[PDB]
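First to last, the protein sequences are chains C, D, B, A, A' and B'. A prime marks a further copy of an entry chain.
Sequence positions in the first sequence follow PDB author numbering and run 21 to 55, 58 to 227.
Sequence positions in the second sequence follow PDB author numbering and run 20 to 51, 57 to 228.
Sequence positions in the third sequence follow PDB author numbering and run 1 to 290, 301 to 387.
Sequence positions in the fourth sequence follow PDB author numbering and run 0 to 226, 229 to 289, 301 to 387.
Sequence positions in the fifth sequence follow PDB author numbering and run 0 to 226, 229 to 289, 301 to 387.
Sequence positions in the sixth sequence follow PDB author numbering and run 1 to 290, 301 to 387.
Here the structure is laid out as structure tokens; the discussion comes afterwards.
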Amino acid sequence: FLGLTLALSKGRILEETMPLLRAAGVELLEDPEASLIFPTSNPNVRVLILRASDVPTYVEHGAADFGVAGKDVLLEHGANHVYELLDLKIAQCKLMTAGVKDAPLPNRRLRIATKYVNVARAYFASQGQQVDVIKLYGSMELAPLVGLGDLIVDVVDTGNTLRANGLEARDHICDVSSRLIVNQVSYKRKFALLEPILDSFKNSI
Amino acid sequence: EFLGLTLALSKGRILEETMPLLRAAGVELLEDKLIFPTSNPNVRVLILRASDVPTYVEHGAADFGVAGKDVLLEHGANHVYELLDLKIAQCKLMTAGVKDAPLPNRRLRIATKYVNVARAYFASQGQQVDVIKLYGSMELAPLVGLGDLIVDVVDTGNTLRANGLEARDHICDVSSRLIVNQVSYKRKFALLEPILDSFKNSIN
Amino acid sequence: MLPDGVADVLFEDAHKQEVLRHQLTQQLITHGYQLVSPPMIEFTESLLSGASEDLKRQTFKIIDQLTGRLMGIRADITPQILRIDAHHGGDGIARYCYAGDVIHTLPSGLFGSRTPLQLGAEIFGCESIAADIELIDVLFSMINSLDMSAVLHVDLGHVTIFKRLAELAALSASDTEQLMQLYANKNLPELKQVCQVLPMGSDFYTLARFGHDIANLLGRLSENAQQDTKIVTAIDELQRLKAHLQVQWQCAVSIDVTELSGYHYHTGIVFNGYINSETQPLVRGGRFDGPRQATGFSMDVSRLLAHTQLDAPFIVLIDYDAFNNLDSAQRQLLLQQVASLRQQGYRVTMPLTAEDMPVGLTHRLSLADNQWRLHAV
Amino acid sequence: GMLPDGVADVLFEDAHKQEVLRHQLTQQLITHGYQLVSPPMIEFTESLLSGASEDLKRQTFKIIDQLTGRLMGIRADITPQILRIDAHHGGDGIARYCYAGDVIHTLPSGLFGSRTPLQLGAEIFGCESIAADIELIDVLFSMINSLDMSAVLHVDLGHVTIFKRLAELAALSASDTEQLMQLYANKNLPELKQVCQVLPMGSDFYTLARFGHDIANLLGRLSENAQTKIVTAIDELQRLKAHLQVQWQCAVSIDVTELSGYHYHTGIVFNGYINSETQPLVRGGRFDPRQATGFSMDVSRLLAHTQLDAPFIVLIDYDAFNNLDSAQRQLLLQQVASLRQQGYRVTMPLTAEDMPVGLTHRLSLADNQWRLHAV
Amino acid sequence: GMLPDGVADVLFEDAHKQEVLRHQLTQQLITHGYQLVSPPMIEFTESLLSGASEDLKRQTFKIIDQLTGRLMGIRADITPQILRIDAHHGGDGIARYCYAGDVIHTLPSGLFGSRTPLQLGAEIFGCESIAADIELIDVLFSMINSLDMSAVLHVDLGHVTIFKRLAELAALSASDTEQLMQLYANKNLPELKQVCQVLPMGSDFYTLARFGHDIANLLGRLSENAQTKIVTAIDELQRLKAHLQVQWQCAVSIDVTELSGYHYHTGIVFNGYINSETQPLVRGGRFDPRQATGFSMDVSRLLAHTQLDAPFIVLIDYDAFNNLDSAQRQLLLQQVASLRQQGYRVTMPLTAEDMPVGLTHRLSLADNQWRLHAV
Amino acid sequence: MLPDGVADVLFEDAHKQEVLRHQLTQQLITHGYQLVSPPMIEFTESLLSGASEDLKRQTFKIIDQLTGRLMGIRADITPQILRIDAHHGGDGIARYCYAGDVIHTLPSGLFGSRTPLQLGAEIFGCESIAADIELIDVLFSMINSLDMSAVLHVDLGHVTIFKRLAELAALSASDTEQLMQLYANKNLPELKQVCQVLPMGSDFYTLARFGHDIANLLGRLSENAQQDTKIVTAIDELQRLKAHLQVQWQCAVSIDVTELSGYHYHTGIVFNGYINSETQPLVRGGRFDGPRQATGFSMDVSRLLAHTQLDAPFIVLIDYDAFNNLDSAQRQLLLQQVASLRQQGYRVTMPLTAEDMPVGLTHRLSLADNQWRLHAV
Ligand SMILES: Nc1ncnc2c1ncn2[C@@H]1O[C@H](COP(=O)(O)OP(=O)(O)O)[C@@H](O)[C@H]1O
Ligand SMILES: Nc1ncnc2c1ncn2[C@@H]1O[C@H](COP(=O)(O)OP(=O)(O)O)[C@@H](O)[C@H]1O
Ligand SMILES: O=P(O)(O)OC[C@H]1O[C@H](OP(=O)(O)OP(=O)(O)O)[C@H](O)[C@@H]1O
Ligand SMILES: O=P(O)(O)OC[C@H]1O[C@H](OP(=O)(O)OP(=O)(O)O)[C@H](O)[C@@H]1O
Ligand SMILES: [Cl-]
Ligand SMILES: [Cl-]
Ligand SMILES: [Cl-]
Ligand SMILES: [Cl-]
Ligand SMILES: [Cl-]
Ligand SMILES: [Cl-]
Ligand SMILES: [Mg+2]
């Protein structure tokens, strides 16, 4: 396959990018959610659907030429071997520290339980606070409630999921929005195919 | 506040295949909500991702748990006790590649969830590899040449064939195991002994 | 900002650590253990002679720029004591104590330290169980001096027992490793299974099932086992120490003959002290090997910090203004008085400026009706 | 020679002596109001070698954190760690710190030097005044005087500010300074006078090496351009020279061409030499928008020139002990316990032949009474 | 995984292939008039890392000369050694050099990169003209075309002069540049536009990253102040872009924000990528009052994309050989000698079972005549 | 400017080195030896497995920053060939060749190199003396291809002989070390002395005194010695190779059964080739150990440079002016001609400027009566 391969996350990202994609002459032929590789109206573009945390991995290694993934994933995964061309202002949220409702931080050293391990260490380093970090792959709302960690680091838009599990947002780490990333080789080699699509997206924004 | 046992469990395949052992040990779940009661008031259940069970157990936020030997091998079961092989939720860790394609000239790239399992295995077969970490489903990785092979769990092989792949090597067998927090085993043994005896009985 | 398992110890915790380190060190000296202070680094030839695989992996490596040779930053002092005793010990009984920092590449336990302050004692050149009793006494004098609310629980084992069964049952390297891993995980169900096939397998199951009951353990073992003197002596040793700890020190003892951590280096009895409900033992002692007899223990002094408390300190400030108003002769008298206070252990700061304020200020030394006196803030 | 060069065991009585010194000196500092801090042997290099000189970086062994793949270092000096601590916990006011700890060097400091010194020192942050440097001088000399040494400390003062201001107001090349500095370090005067005849202000730079020792007249020998920060520096030096002679009766020498630590020293420097030894026993100076100043010493080098009282090493009689019944043993142990508190070194013999090294006394039974007698 | 990461055996046919490539390419360069030089694996660091960047210093393993106690290094790049050679033997005129040799890195270059590459390269000293850069481009592409690869080389041009002149004519902070550079390296455009809104000339610095690829119009998008050395640089880039397309039919991309080797590159840079691989196969550029320019490549990375003719692996029959008498053996050896000269791989069996790997032919006796037949 | 025993190899010497390295490498390949190209560095675990003390000391140490483990810059490739053959060799016969740089910490001989270019071959899996004859043939094909005026003199030994006497005479570790040191120094007087006391000491003196005469050596030895098969086979082996070298290659051979350099690693026959009157042998081969048979040799290719000479090279310059006057089509023709010359091995430089001058310029390619032709300068 000599054209572009686009890396995409199922659900929230796919849906919020399709208006930019349609405007760039890229419409998927089937609906992803309706039951791995997808064609598009442009024959020189195709789409890969994966978990949002694997988008940077597929892009940096070049198994996809470019992709859309949240800045939460790029910060956590490290975006060393990709180019971050465009802030797409879609799928917006924030990385925040969260704890149990109104309970104060305990006397002893803080335990943070989180997916975002490197984000946590980096943040709490910037706030001069020494912590123990515990890696979770699954949903993290449970961790405070059984004292696995005192706080967590997670994405929050409204905070309904946080309140629904008896938690509350505490500190604002940074803002989050999905970004357009491009494999470093693919940007040099296939720029001719990329330039229009980048211009459409950029116009759309 | 809670002085009885907390049980760590994975939603789906594990929960379903353990409930017969649980019912036989006097433990019936009330519902099917993050923390769950049971018919025994001194037991409760946490439902989490299967890769988090050892983490919750070793740190003692659950007293004991059920998780596959695939997770224990990958995560390392250094700070827990593996009391019982439950002979349920059985599968195998295997290397998998594309249908009939030969191994390439260059060094092998393995893409997988099971990074440490991969390094450990390919070390045992004296083969030098590049390992690539995936959190999501791995069947796609060979097809776009992210990796040449993958390491995954397989029971029948249908998911593998359905994505144009096939098993290559047998790494080891897998079955869910009963793990117990090291402190909880000393402190709360009185509560654990019956449940362990039931499970042990329901095994054979 | 600091690597995992690496922490500052500051201010009062730091003072507490100094105090403990010093008191415990001197206690050992007064029990007749020669203090030795080996260096942080040696060539690996000497440092990791007879070293296990876990020890080798824990020991950071560095290069001597003067010789191009390999050196290491020690992860355990115990081998250094061997070296010292090899050179200076002689054939007779020799006693050593030590306190020093050691470095590990990886933590032992969940969020465990990598820069522990290793303190310990050792007796070489005595076969008798009486040497193990001395160390138990020396240890418990030390622990009792700390005035902790924390409760030390002690676990005894004996690797000789399982070693003699494995030898008298002609065990394959793999079989043993299975038994050991099963014991470590206390899988009794699967142990009873694997034993039904294995020779003497009754005995290996009896260890895990009836080990805790050291009184009756020998009676439950096979004729072949009970005949053998090395198993019978081991069970006697264990019984003597169990008693001595209960009687002489009022210690809660549990037996576990399946405790085989350090199967390679432990040549007999083992000791593991746990503080409250912590997973890593606070104290680790046991019989090992110099053809030289040796036995002894060690502890991370830094882990005593949470469970020990010193009296609150008197942190005193002299008044700047009042001091400077004094004439030469009055200053002398005040200094002689402040000198006296410092000897009593008071922390007296001589202010450089009016604003100069010590942290944790408890008292002022102020002039009043021609008398310098202490008053709280 | 089974140990690396500049690496030695400290054993038995020397080891006991080292413990005693380390402890006494540490507590002396605490009672003078210096907060004890005990930073770790290793840090990430980011923190450990922040603002570090090139000599410091080269002295600091490197190792790899296996948990993060990052670079760590086994510290070669604690002084930077005290900076870090004071950055976090110090605040804007005056702060005092003391410390004792092992440090490791990759190479010896000079002739036959140690690579595993036991670094002990004190520091005052947040005071610009020369009064802080006087406090440390007093604190230090109280500590030294407490040791009862026949050994004589000789002290050398310098001031890196002086040469820094000449080099700035002569617009000096990176190379030029490094030449001047190397020449100064060697006091190669002939070649210094040569290289100065070409270099700008080079009269001044030669006068430093030639008439440094005479601090009274040094300023008068410098150029008109030279004669602000240079002017304070010569006064500072003169004040400390006096204070040491008067208050402590100390033999002081001046050398403004002492520029070891040109990178970290932001002014006055102090170097104490014990008897005729080449490596200074004590090394202090002004460093660093937070003011800071302090010193350190290798405790292990005090061992040769310090002496403790002889110890009482007591042995209980094996036979006599074993003849006792339970209750008599308790009483003897209570008595032996008392002795140990008094600092006596009492060994409970495992066998008849069990003999402590340096045995001074026996505790022996006579007519139902235990007593001490010398051997 | 018994070998360190980025360290692999090259064995058997791959090893033969590597020898062949290394030799063919080396001789190609020699016939284009480049003098072969073979500097050693180790030097004292004084010479090895003179003018070295910080990345180069970190990549270079250190070891101790036991004869002098001095620091040596196991080279990580040969390019500096060619500088040294040309300093001594080069003279003022034009000089050409080629080289092939192993180099060692402490850490991999990027994703799964080798640490023991076989560095092969060429260099031209003493020519300012763009014509020297064209020669190397021609020499290189003759070499690549000789390999008969299906693999496609894609080429990327940059020019560090451009960003150097903006940073100089914007009076940039050491930190600022390092920020810009890190941002460029990551092509983090959103954050680049942010950090530029504050920094002086920051419009220009953003235009580099945003409109670099369009070299035709790049100069027109820069400030009035920007629009001498910057002006030549954009022309240079345009000339090479053309020459590659015209003379070699090469797909070229521009990226003036390629600033790897900011320290040593004094201008134009070249980066060739093979198929979709992340690490460039070829790395060339202008460097350095003596002019210099040239490239290098890891020969070992050509192995995947190059293929030799199948080899003729011949076995003599054990039995038939041993039945011969002295004189017949001589004749057979003279025949087998001839075959070996033709490049056939003939194994003289020690035992009946002696079997070469990849056996293609047998040399067998029939009616007093030895002949080859396939298996 | 360069460390001792470290030198540039430049220009024509460098070209010569490339040529030799390549020709010899291919010769070996055509004799059926598989080329293998192991790396410059490995972890020490693998690199110095089974290593002698001299090898360990010669091998520079460095730290893998990715794992914190010890690595080494190889000082000999021979162990790497063992490793390769362990993995890929199988039970049958296997042949390997190799050429690669190795690094030593210290020189071997006075002003000797520390960065030799080690080239060698090896045969595994054959017990027969026929494998040692193959390598001798392979070697001497290589040497004969070099067209040297230099004369290779060869010295054969056999460590088995002295090993069997020492075993049959029950020799103490120290006694052997004395005998060996005496042999190394050819102190015959003191050897005859120390042998008068030692058991079988007649035999140990006969080695040094009548070793060179391999024809009669066995006849001069004791009954106990002559009975033993390992001594008798060793003397036969030595005699077979002595002959084969003289007959088949016309080689000047000397025997020295007291040559016991590498007493530890050599498990039998040894070979040492000396070029002219140089002290360090140019070639070092012998029987050693993979329970796997192995035998082979190596040489420092760089030491062949002094005793080998290539034909003088044709270094050609095209005229700048004349070239630029040509039109497109004439340039094509000239390039096609220059292309042809380069294939023939001529070194043709395309000048960038009028002043562009190649070093060692032998010819100009100049235009004359519409013909491009070569003329000397
Ligand atoms: N509740 C939310 N509202 C808006 N954006 C979100 C929310 N949760 C996540 N995001 C953003 O969308 C990205 C996609 O994550 P998501 O679709 O939730 O994948 P997954 O469920 O596999 O974690 C996240 O990386 C983050 O940037
Ligand atoms: N096909 C299978 N058959 C049996 N056991 C399986 C199978 N796949 C996985 N397992 C094991 O049982 C668990 C079931 O996987 P599941 O809970 O669905 O995974 P996840 O939580 O990652 O979505 C795994 O964690 C593994 O230990
Ligand atoms: O606080 P809120 O505004 O609700 O948003 C935060 C939530 O966003 C994600 O949930 P998502 O919608 O992806 O559902 P998930 O839990 O199934 O991932 C994430 O897991 C948080 O629970
Ligand atoms: O080879 P088979 O027997 O068909 O099974 C293989 C699949 O089963 C497992 O989980 P599954 O996909 O069933 O569910 P999960 O993705 O939720 O783990 C596993 O992750 C494989 O994808
Ligand atoms: Cl049971
Ligand atoms: Cl334990
Ligand atoms: Cl101490
Ligand atoms: Cl090669
Ligand atoms: Cl003689
Ligand atoms: Cl020799
Ligand atoms: Mg989500």
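All C-beta atoms in this analysis are idealised placements derived from N, C-alpha and C, irrespective of residue type, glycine included.
For a Cβ distance threshold of 8 Å, residue set 61, 62, 63 of chain B' lies close to residue 63 of chain B, ordered along the chain. By the 16-neighbour rule on beta-carbons within 10 angstroms, residue 93 of chain C is buried. When rounded, the separation of the alpha-carbon atoms in residue 198 of chain A' and residue 221 of chain A' is 15 Å.
By DSSP's assignment, residue 359 of chain B forms a beta bridge with B:327.
DSSP links residue 382 of chain B' through a beta bridge to B':377. Only those residues of the region 200-212 of chain C whose C-beta falls short of 7 Å from the nearest C-beta of chain A' are listed: 206, 207, 210, 211.
In this model, residue 367 of chain B' and residue 125 of chain A' are separated by some 11 Å (Cα to Cα). Taking 8 Å as the cut-off, the beta carbon of residue 220 of chain C is found closer than this to the beta carbon of residue 107 of chain C.
Taken through DSSP and simplified to helix, strand or coil, residue 119 of chain D comes out as strand.
Against chain C, a Cβ distance below 9 Å from residue 138 of chain D picks out nothing, because the smallest value is about 13 Å.
Distance between residue 55 of chain A' and residue 48 of chain A', taken at the CA atoms: about 8 Å.
Runs of beta strand (DSSP E) with 3 or more residues, each lying fully within the region 27-54 of chain A', are found at 34-37, 41-43, listed in chain order.
In the DSSP assignment, residue 78 of chain B falls within the unbroken alpha helix (DSSP H) covering 78-88.
Counting of Cβ neighbours within 10 angstroms places residue 111 of chain D among the exposed residues, the total staying below 16. Relative to residue 358 of chain B', the option among B':378, B':336, B':383 whose CA is nearest is B':383. Residue 115 of chain B' sits close to residue 41 of chain A', with the two beta carbons spaced by under 8 Å. In the DSSP assignment, residue 303 of chain B falls outside any alpha helix (DSSP H) and within the unbroken beta strand (DSSP E) covering 303-310. When DSSP reads this structure, residue 254 of chain A sits in a beta bridge with A:155. As the crow flies, the alpha-carbon of residue 169 of chain B' is around 13 Å from that of residue 231 of chain B'.
Beyond the five residues adjoining it in sequence on each side, residue 156 of chain D comes within less than 8 Å, by CB distance, of 133, 134, 135, 136, 165, 170, 171 in the same chain, given in chain order. Residue 32 of chain B reaches chain A at 357, 358, 359, 368, counting residues in chain order whose Cβ is nearer than 7 Å.
Residue state for residue 101 of chain D is assigned as coil, using DSSP reduced to three classes.
Taking 8 Å as the upper bound for CB-CB distance, residue 283 of chain B' and residue 139 of chain B' are in contact here, some 7 Å apart.
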